[PDB]
């Protein structure tokens, strides 16, 4: 199943490409998702990345939590619920 990473504070413009670019360097990434409103196709402000190996995921989170992405401070953590 890998490990699901939740990213908060993406801009309404954000694309999957940016999630790939940020997490890719840390190890295997199997899925990225920007969450959009169905009717406007705008980003609702969050997204998800699945990484296969926990230690890689944890390194991504340690580096990216608090990143200034565009003009927002990201919150990055393992997905809850």
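Residue numbers count along the first chain shown, from 1.
Figure legend: residue 38 is marked as unmodelled in at least a third of the other comparable entries of the protein. Relative to one another, 14 to 22 and 55 to 63 have unequal mean CA B-factors, and 14 to 22 is the one with the higher figure. Mean CA temperature factor is higher for 37 to 45 when stretches 24 to 32 and 37 to 45 are set side by side in the entry. Ranked by Cα temperature factor within the chain, residue 1 sits in the highest third according to the deposited record. Sorting the modelled residues of the chain by their CA temperature factor places residue 81 in the highest third.
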